[PDB]
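Q: show me the folded form of this:
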Amino acid sequence: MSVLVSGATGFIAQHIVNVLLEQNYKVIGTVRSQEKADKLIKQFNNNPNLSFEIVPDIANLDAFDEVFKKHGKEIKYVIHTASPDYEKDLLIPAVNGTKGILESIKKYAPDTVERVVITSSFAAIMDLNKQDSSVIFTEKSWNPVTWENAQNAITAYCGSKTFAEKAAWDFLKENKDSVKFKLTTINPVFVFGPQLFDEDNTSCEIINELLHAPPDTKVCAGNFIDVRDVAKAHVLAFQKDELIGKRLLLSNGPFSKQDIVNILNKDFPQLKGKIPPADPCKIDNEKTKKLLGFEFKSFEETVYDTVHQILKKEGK
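A: Numbers count the residues shown, from 1 in each chain. There you are, the coordinates:
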């Protein structure tokens with residue numbers, strides 16, 4: 001049947017839609033405007049298996065009500081990727097962005113939706129105050145920040161992401177006999193990779209910054225995951241039964257900016273001499289890798305595809 005993809009304009013969500021159309025799924029995406037919908041319709045070459053509903057503000061808890069009033073009989077899988085005084089402008093909006101679509105499911109399609117896949121984040125896993133060499137974050141690690149502590153300019157974003165995921169798990173806890181669906185969350189780190197459409201910013205800006213940096217520019221910035229890997233995991237999350245109830249930590253290891261510079265220098269020979277020169281908190285997500293069962297893209301691959309697309313836009 002039909003798959004609902006929230007926020008289909010997203011860097012990840014467009015790839016999710018491409019993967020679902022790859023497998024001949026019927027896809028209903030939600031975007032913030034009619035212009036966005038028509039743009040995406042054109043870019044996917046008028047595929048009759050793809051349609052869109054307009055949901056402008058997912059800070060409204062009733063945002064997805066019309067979607068499930070119209071298509072509640074056909075939506076079998078839901079992939080929720082969209083996301084919207086720190087308590088009144090970030091925290092409560094995030095909790096609501098999680099709870100609203102689930103309330104709509106509970107209202108209008110409680111026995112049709114079988115799987116819900118929610119894009120969370122590594123920010124809901126890491127502990128900012130433990131960034132100690134013996135601490136390893138796994139899929140079961142949770143960000144311990146409290147509601148009161150999440151209202152400062154350091155703990156606001158990670159706190160809102162954390163409580164947004166907690167809200168989904170709590171909804172499933174308190175609504176076992178009102179809904180049928182099972183829940184899986186996707187928790188990515190820094191997401192690199194190419195845009196689905198050349199014609200079209202993200203954290204890839206980092207790469208874009210070093211691709212254009214003068215050679216005199218001074219050079220572990222975190223962990224990386226390719227956007228196509230995140231998209232593929234989103235679909236396996238509703239297809240495979242061993243992914244039921246799992247938090248899938250999407251990461252493929254640490255990276256530095258010098259790694260980006262080295263890839264740029266050796267794989268794009270036109271840039272050597274025009275860019276900085278070459279030079280010859282831990283995560284354990286082996287469980288996510290085993291459960292997913294496929295090999296992630298390496299840092300070299302994701303950087304190469306990002307840079308190749310950027311240089312193709314520039315006529316280089």
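Q: report the secondary structure state of residue 276.
A: Classification of residue 276 into helix, strand or coil gives coil, according to DSSP: H, G, I helix; E, B strand; the rest coil.
Q: surely residue 137 touches residue 123?
A: No: counting by CB atoms under 8 Å, no contact exists between residue 137 and residue 123, whose distance comes to 11.1 Å. Bear in mind the C-beta positions are built from the backbone N, C-alpha and C, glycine included.
Q: gap between the residue nearest to residue 220 when sequence neighbours are not counted and residue 282?
A: Taking CB to CB, 6 or more residues apart in numbering, and ignoring the residues beside it in sequence, residue 220 has residue 254 as its nearest neighbour in space, at 5.1 Å. Computed as CB to CB, to the nearest Å, the residue 254 to residue 282 distance reads 8 Å.
Q: same check, this time on residue 59
A: Using CB to CB, we find residue 59 at a distance of 35 Å from residue 282.
Q: pull the CA atoms of stretch 165-175 into CSV?
A: What follows is stretch 165-175, C-alpha atoms only, in CSV (Å, rounded to 0.1, in the frame of the first residue of the first chain):
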residue,chain,number,x,y,z
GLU,A,165,12.1,11.2,20.5
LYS,A,166,11.1,10.5,24.1
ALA,A,167,7.6,11.8,23.2
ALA,A,168,7.3,9.1,20.4
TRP,A,169,8.3,6.3,22.7
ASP,A,170,6.0,7.6,25.5
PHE,A,171,3.1,7.8,23.0
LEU,A,172,3.7,4.1,22.1
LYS,A,173,3.9,3.3,25.8
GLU,A,174,0.6,4.9,26.7
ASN,A,175,-1.3,3.9,23.5
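Q: now do the contacts for the nearest residue to residue 188 once chain neighbours are set aside.
A: Counting by CB to CB, 6+ apart, the nearest residue to residue 188 once its immediate chain neighbours are dropped is residue 250, at 4.2 Å. Counting by CB atoms under 8 Å, 6 or more residues apart in numbering, residue 250 touches 186, 187, 188, 189, 225, 229, 230, 233, 285, 288.
Q: in strands, which of these appear?
A: Of those, the ones assigned to strands by DSSP state E are 186, 187, 188, 225.
Q: who's more crowded, residue 254 and residue 282?
A: A count of neighbours by other CB atoms under 10 Å puts residue 254 above the other of residue 254 and residue 282, at 16 against 13.
Q: about what we covered before: which ones are touching the residue nearest to residue 220?
A: Counting by CB under 8 Å, 6+ apart, residue 254 makes contact with 220, 222, 223, 224, 282.
Q: mind listing the strands in the stretch 101-250 of the chain by residue range?
A: Applying DSSP state E, counting those that start in this stretch to the stretch 101-250 of the chain gives strands spanning 115-119, 136-137, 182-188, 190-192, 222-226, 247-250.
Q: and which of the ones in strands among the contacts of residue 250 is nearest residue 51?
A: Distance from residue 51 was checked for each of the ones in strands among the contacts of residue 250 by CB to CB. The minimum falls on residue 186, at 23.6 Å.
Q: quick one: the closest one and residue 118 touch, right?
A: Yes: assessed by CB under 8 Å, residue 186 is found in contact with residue 118 at 7.2 Å.
Q: sheet partners, orientation included, of the helix or strand harbouring residue 53?
A: Assessed by DSSP states H and E, residue 53 sits inside strand 50-54. When sheet partners are counted by DSSP bridges, strand 50-54 sits next to strand 26-31 (parallel).
Q: rewinding a little: just the buried ones from the contacts of residue 254?
A: The neighbour-count test (16 or more other CB atoms under 10 Å) marks 222, 223, 224 as buried among the contacts of residue 254.
Q: closest to residue 156 among the residues you listed?
A: When the buried ones among the contacts of residue 254 are compared for distance to residue 156, the smallest value, 18.7 Å, is given by residue 222; criterion: CB to CB.
Q: OK, contacts around residue 190?
A: The neighbours of residue 190, taking CB under 8 Å, 6+ apart as the test, are 203, 206, 221, 222, 223, 224, 225, 255.
Q: run a quick neighbour tally on the third one.
A: Which is residue 221. When neighbours are counted by other CB under 10 Å, residue 221 registers 14.
Q: do you have the helices of the stretch 1-150 of the chain handy? List them.
A: Counting by DSSP state H, counting those that start in this stretch, the stretch 1-150 of the chain has helices at residues 11-22, 34-43, 65-71, 86, 92-108.
Q: still on that earlier bit, any chance of the buried ones among the contacts of residue 254 in a markdown table, plus distance to residue 266?
A: Formatted as a markdown table, those follow (distance: CB to CB, whole Å):
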| residue | distance to residue 266 |
| --- | --- |
| 222 | 22 |
| 223 | 22 |
| 224 | 18 |
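Q: alright, I will stop here.
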